[PDB]
Amino acid sequence: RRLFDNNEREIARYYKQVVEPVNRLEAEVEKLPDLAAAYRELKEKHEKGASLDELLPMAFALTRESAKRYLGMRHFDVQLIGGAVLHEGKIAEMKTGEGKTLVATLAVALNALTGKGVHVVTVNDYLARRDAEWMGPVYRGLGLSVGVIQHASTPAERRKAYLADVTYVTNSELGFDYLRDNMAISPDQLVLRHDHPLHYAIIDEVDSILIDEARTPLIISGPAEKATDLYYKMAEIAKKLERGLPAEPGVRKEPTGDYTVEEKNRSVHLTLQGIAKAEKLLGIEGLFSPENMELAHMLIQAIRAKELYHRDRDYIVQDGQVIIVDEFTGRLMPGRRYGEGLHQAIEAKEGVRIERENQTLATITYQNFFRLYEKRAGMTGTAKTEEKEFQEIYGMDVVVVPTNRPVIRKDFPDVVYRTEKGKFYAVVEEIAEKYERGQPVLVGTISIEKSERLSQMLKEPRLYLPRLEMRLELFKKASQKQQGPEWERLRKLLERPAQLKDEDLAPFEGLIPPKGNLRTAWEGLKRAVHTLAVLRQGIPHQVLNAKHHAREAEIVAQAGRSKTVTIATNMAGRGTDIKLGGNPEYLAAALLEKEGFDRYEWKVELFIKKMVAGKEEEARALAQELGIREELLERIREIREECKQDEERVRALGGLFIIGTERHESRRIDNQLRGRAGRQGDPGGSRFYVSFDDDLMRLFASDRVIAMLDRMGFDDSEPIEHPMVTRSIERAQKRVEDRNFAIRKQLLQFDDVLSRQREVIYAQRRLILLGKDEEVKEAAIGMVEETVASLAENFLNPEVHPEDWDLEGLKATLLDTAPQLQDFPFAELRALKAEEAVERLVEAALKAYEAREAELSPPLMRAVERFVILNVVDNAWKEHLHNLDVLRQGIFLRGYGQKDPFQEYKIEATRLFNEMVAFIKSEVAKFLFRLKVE
Amino acid sequence: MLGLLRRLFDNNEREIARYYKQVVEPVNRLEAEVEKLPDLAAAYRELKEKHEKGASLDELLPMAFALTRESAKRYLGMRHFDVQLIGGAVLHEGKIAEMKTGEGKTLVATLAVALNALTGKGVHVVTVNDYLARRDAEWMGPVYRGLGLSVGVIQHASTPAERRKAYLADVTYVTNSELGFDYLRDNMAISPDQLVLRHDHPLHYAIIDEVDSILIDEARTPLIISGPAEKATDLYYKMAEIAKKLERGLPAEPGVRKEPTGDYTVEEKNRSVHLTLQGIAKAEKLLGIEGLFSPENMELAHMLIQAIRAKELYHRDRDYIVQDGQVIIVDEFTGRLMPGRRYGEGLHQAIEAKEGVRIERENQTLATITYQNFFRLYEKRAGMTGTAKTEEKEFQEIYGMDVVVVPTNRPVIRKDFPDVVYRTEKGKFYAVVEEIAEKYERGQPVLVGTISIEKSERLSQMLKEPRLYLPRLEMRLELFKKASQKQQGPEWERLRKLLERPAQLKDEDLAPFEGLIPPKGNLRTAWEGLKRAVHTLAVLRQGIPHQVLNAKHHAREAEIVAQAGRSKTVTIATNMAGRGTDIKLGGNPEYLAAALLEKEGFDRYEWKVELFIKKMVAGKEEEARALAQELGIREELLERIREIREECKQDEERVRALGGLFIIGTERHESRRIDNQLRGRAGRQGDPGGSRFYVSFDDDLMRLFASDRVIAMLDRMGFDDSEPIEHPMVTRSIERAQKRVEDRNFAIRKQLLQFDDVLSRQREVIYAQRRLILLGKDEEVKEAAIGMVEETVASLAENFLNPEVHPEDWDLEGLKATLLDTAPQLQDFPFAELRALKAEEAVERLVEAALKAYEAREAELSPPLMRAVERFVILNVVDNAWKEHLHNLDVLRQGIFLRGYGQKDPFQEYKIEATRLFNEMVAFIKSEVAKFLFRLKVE
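Residues numbered from 1 in each chain as written, not as in the entry; some residues may be left out. Chains lettered and ligands numbered in written order. Heavy atoms only, no water. Residues with missing side-chain atoms left out of burial classes, pairs and counts.

The deposited coordinates for this entry were obtained by X-ray crystallography, with a reported resolution of 2.8 Å.

The PDB entry annotates chain B as Preprotein translocase SecA subunit of Thermus thermophilus. The record in UniProt for chain B states the following under Catalytic activity: "ATP + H2O + cellular proteinSide 1 = ADP + phosphate + cellular proteinSide 2." Taken from UniProt, the Sequence similarities comment for chain B reads in full: "Belongs to the SecA family." (UniProt positions renumbered as here; feature names shortened; annotations may be inferred.)

Chain A appears in the PDB entry as Preprotein translocase SecA subunit from Thermus thermophilus. Checking UniProt for chain A, the heading Function contains the comment "Part of the Sec protein translocase complex. Interacts with the SecYEG preprotein conducting channel. Has a central role in coupling the hydrolysis of ATP to the transfer of proteins into and across the cell membrane, serving as an ATP-driven molecular motor driving the stepwise translocation of polypeptide chains across the membrane." Recorded in UniProt for chain A, the comment headed Subunit runs: "Part of the essential Sec protein translocation apparatus which comprises SecA, SecYEG and auxiliary proteins SecDF. Other proteins may also be involved. Monomer and homodimer."

Asks: Account for the pattern of salt bridges, naming residues and giving values.
Replies: Counted by the stated rule, this structure contains 145 salt bridges over all chains. Between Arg-2 of chain A and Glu-8 of chain A there is a salt bridge, and its shortest N-O distance comes to 3.6 Å. Residue classification places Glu-8 of chain A among the buried positions, given a relative accessible area of 8%. With a shortest N-O distance of 2.7 Å, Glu-210 of chain B and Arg-579 of chain B are connected by a salt bridge. (Salt bridge = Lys/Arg side-chain N within 4 Å of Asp/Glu carboxyl O. Buried < 20%, exposed > 50% of the residue type's maximum accessible area, 1.4 Å probe, protein only.)

Asks: If you had to explain the domain arrangement of chain A to someone new, which residues and values would you point to?
Replies: All names here are of chain A. In terms of domains, chain A is made up of domain 1 (1–223 + 358–405), domain 2 (224–357), domain 3 (406–692) and domain 4 (693–934). Its C-alpha centre places domain 2 at a distance of 22 Å from the equivalent point of domain 4. For the pairing of domain 2 and domain 4, the buried interface totals around 2,600 Å² over both sides, and the portion due to carbon and sulfur atoms is 60%. When the buried surface of domain 2 facing domain 4 is broken down by residue, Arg-266, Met-293 and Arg-337 rank first, second and third, together holding 24% of it. Our enumeration of links across domain 2 and domain 4 arrives at 2 salt bridges. The salt bridge partner of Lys-932 is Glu-285, with a shortest N-O separation of 3.4 Å. Applying the counting criterion to the domain 2 and domain 4 interface returns 5 residue pairs in polar contact. Per-element accounting of the side of domain 2 that touches domain 4 gives the leading share, 6 residues, to helix α14 (residues 293–307). (Domains from an automatic or database assignment. Buried area = accessible area lost by both parts, 1.4 Å probe. Polar contact = N/O pair within 3.5 Å; in protein donor to acceptor, adjacent residues only side chain to side chain. Helix = DSSP H or I, 4+ residues; strand = E, 2+ residues; numbered from the N terminus.)

Asks: Account for the packing of aromatic side chains, naming residues and giving values.
Replies: Per the stated rule, a full pass over the model turns up 34 aromatic pairs over all chains. Ring centres 5.3 Å apart and planes at 50° place the aromatic pair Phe-369 of chain A and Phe-370 of chain A in the tilted group. The burial state of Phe-369 of chain A is the same as that of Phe-370 of chain A; both residues are buried. Ring pairs connect the aromatic residues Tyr-183, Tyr-371, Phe-374, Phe-375, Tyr-378, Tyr-767 and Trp-882 of chain B, which therefore count as one cluster. In this structure, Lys-264 of chain A is placed above the aromatic ring of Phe-795 of chain A, and the distance from its NZ or CZ to the ring centre is 5.3 Å. Across the ring face of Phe-657 of chain A, the terminal group of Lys-434 of chain A is positioned such that the distance to the ring centre comes to 4.5 Å. (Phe/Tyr/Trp six-rings, centres within 6.5 Å; stacked < 30°, edge-to-face > 60°. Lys NZ or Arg CZ within 6 Å of the ring centre and 35° of its normal.)

Below is the structure:
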């Protein structure tokens, strides 16, 4: 191995470049009165230009020593490796719990120098909190601030949290905060830093977070973008509103409507009568321009739907709803809506019912998200299995870090049973054995109904009756071929279930042939009789359907004690190391009702950890500063010395011994249940159970196998050992694995399209929120530039030299820009063609802005820009994310052959966007010109 | 589940029932009537009429089937079991019938073969090798002939003659490769007396005997025929020099014709019009006669024309940038080099000969067919095998055949054990030997399967060289030792020295110290181990008679195989070695035929010989004697047969209670099906039997196809080198590795068909365009021929005779372009309607004139010779252009595969360019056929 792979020659170089050096410098470093000072010094050294790589040894050594002084755990050489891998922005694969947490600090420190920020994510809040406080002293001991985010945390706490040197958050939490930040209104809503703000991440359970959890995106559904009431009331007004004629010689627009020349696209409802008529309905003319920007929208769109969109020509309506039509192919547009929200408007005009449900407001995929960090890395006991994915999607390579102590755990094969019912009976049987022997046990299920059902079998013994009986009638059928007196005697003893204790069967053993066939059935019947008795005798459970993360964890920490039997539901006690007799936990429990934990954590635990360790010297100083008199010092020696002896009984009784009830949807998710045992060189074993009925085999096994298996007619009660069976099992788990792979591969495909789309709109939103006035005003003017340009230019730019179009270029610019200039445009415009038209207008436009920078002092004018732009963009955006959702779960129908659905989607997607931007820029301009500050 | 539900639910149950209802029961109802028929031949000839009267082949099935069964019953002596009648229907339904062992399959063929032979269009039955083709054919001959059907059989050695005769028979037995190449050959034939397949149908219906092997485990590569280089370097470079020695000429002046040898295309047109007879005459003076030039030197004209085309109408450093490599075309599309793209018509090497760039001198594709697209050609395909349901979706999708799982005759009872994993391949084998010895000593027959010959022999050595089993013995000895000396007494020291010597240890040496054996596990386990090894050795030394069968002599081994079912036998079948010979628990008719070989031969008397051998064993004193009379069978032969037979009946009885065959797979194959067959060799018809595979982290599967991560994790796991391995990670990795392979091969063939699916449409056309001309439908030959003149001329003139700039534009270049491609001329009136009346009445006024000249040529050389020229010209043009395409494509596949521009799959680019070259190629063909038909010289 060492000769062969990457994961060996590599490990050696890590020892050479990291381990040995950090060890060589432990001497010097331990003779430092202040590690904080040393760290503060390193920050300068690095800020002096010293690479983060070169400083690694020092930093690492210092963190180890700080860990040694304020926490009391010297980083094992291999943990120093995990650290480097982490810093190297890779995945460090490491087997059990605790090893992982501490390894984080190593890299966490080295990179916290930059003070740009450091994020450490875990599967749940509990652990975030835990790991944070648990490792707090090592961090503080070097001068590092501990930032922790829990779900309950408020926008405030969150911001403080990320502002700390190191932050502990769950992936979903850190996730949505990213999305929220890009949905923020006031800068005092944003939580992440602005400086970096997703600098470096260290994912605690990568494979779980970036794989078994990255099969779905992060979605925030909002209420319906404004309800049916306003949409239908906007249709009625459209018809009540009479129709108008265009501009005559010198005399202006007729009524409310100024059509687009049926080929142009602009709906110019401008006669103030029209404006006034509409507002008279539910608002004031004032409110209409300022603040009712969304209403104008709805008004504008309503008239646009009626007037510039021919119903049965541009879209054929059916009992379903409005279905757009393509002038492209001369067909219906399958599941395609209309931009700016004009869709429901065209529905409101057609009296077609509109939706009243949620919709996407912001969406990100865990993949693309973590892809944003300046540097990502992570850890887990199971990851090499998916290295090629990690490497390819997140860029991280996987490094298989050496264990501290050789694994000794005895992972047994599987045990297959035809019926799930039979599989469980088998499981109880295992359990009872281990209980009676005194070896602890930890069963893993995949559901709560299953966890409890297991419970009930163990608690009421009346459930094991069917087994007993089934083993009884089996013994029976082969048995009565034997007729004598003695036989008839046990024939009635066996006509009653309970009489059957072990003593009832002992006397007739004389009738048992050594020969296989029958003794086999007799040993079977005897076994069951015994099992029942054990059951009845009572087996203490402790089920852990992961509901109260904190409560169960404590219960988990003690699962390593001799007669314990824990039913962890689904990764229930995920994160709490199970040692063979839990010591400091119920030690703290004693110290709870005396000298609390919170405050004195620096000493309490270092005392609990010192006593158990047996350091009369370090234990006493801590005892002095504390209120610990002999009575407490003794019950600790008593609990401790009792546990050492339980360890001895257990640590020689076998070990933990995990029992998986059924296999998971991935070898890694179940290689972890086995992982819970034989932690650090400890003894231990594992064994999985399977049934053709349990999950894996029916949901993901082929419909042909789930059929062949049955017809194979396997012996319902006893174990199954057959090629076809073990073939199909091992293959089913792989189908699923692969299915999920696909399921997520496609999710990223889709969200790659969106990325470039988010990219822009997300940043265009921030330039305006960052508030760079200079950059705000510049950009704002830029939108006036393009709108006006292409607007007039639409037809003011013909190859036909002077003659062609002039009045439509006047009104189009007149609407989008309240101001006016009108006698000299004709001069240079109707006479001198296309080049000196576009640039003679830009200049005039600026002049008006400047004058407006006088009306409302310059401060308010940009204030309007901020209000206007955001309101326009984010109002248009939400309608896109909606339009897209409806496009994905629409165009997926078997469209035209070979052109992948995707190609069609990508094509249309990019289209809608560009169009959307058009609408944005254009609308920003207009509204900046026709708004009313007051 | 199992019983009622599945029967309420799916396919392979509800279907079987319907088969029973519509096929089985009816055919049984009619056995009475049919058996009272003096001649089944007559009945069949009658059915042929009934069908020819319009009776669907479906409706006649029961009758036909019943008749085939009875003929089978009379002339062969095996009534088709009800399930076999099903297999037959499924076959006829053009599906895959899945059936477990050997013989059931062969006879099931006859059923459908008969029903469809009515049409007399032909029937093909293919198998994995010649031997079986031959075998199945003669073996089932009587059933066939008994109904009036001709038995056609093709072996590799068969000559083009026999082959043709063979295919002309009602039914033909051929191997897939054989039948495959004959397809390609027929499309490379020169004279019609070289073609072997019928012309009538000629790939009518096929019944693939071992479908999964033929269409999957054998369909990963194509069928290809590479020929010599399309004409060598000499002629290509000599055609370059002539091009430059040949001076340049000026076009047509007022009324005075072309100047020297060259008439350029207007630099934008495309035609090279070398027409001054001086030019023609100068070139021919080099190596031929002016005559030979037009007639017969069609390929030379080509090279001459192309050479001048390369020099004059293709700007070197503008259309293609040359490098130290070779000429690399340039695209005016993207303004870049054209990666690995050659030039049409073979103009490529011409442009290389001009640039003095070295030309190839190697083979190239002349005709390629993938087994997939090939069998896809049959009017109706079907097939059979014990293992196929596994790949149904493939069969369904590619060949359209569904898979039907036909019930077994007698319930399977074979005991397929799990696998046994060992860390070292060496340890795995030690283990294997151990198994064999046991089975030997007990007397249960054994059939070991390997995957190579080295392994087969190696195993062999180990058995005949008991020298090789000592390590085991010794290793089991020192293991017993280490846990043992914790016990010190007198008795222990006694066996401590008996064990300080290897041989003393016979079973007798260990029997006395059994008194020191604790019933308790730990040690007795090591003692039973030591005991076992000691026993094994003695058995080995006693000798274990092998019989290795590395599939070399198909016929010789087969006989050896047929007897593997006898009590003390131990056969080492290499890789599907004895594939096809049912290993009964005592081989009867085989060495019965062996006895009758050196007396009354098989061939001729096959109708009686075998029906006699099958009757005697069956025990039919009545039917046996009549056959004996017609034969030269006196008591002596009749007895050794009763002796052989009665000896086998009782060996059948011993093996059948000693366990059964029991197959031992040495390592797992590259597919569950390929190894479910090795297990399949045992427990044939309801028979007893067992199986077990062995595995090692070192054997093939695990290193070639197991992940580089697994092949590493496994090792570090530090497994106990000598004893069995039972671990999740292990069994996980195994089952999963076999799947990687399976899937890999799947891909490997999916892409083969992808490329060759592109080619299919391409072969499709040119292959048939070639046949219309060879089928010689004069009517269709002349029509088609005229059609090429039509398009050439049309688009030619039309290229610039159809402008938007009304009369004025281009006229002289339209004259010479058509003047070269058409020796004849008309020149003062074209200007009239052409230079004056635009584009519609230009193209159609030329077609008409063209025909007139042809008609006049149909007089130079009478109408019969005119078509003869067409035949000679067209084929010569197409197939000369084709070979250059197949070349250009090869070079395109193993060229464009480089990591081209990103996401656009290499394929998409290939598909695109592929279709491009073709279209272009067609252009060149049509155009060139026209020309050559106009400028040739019959004499």
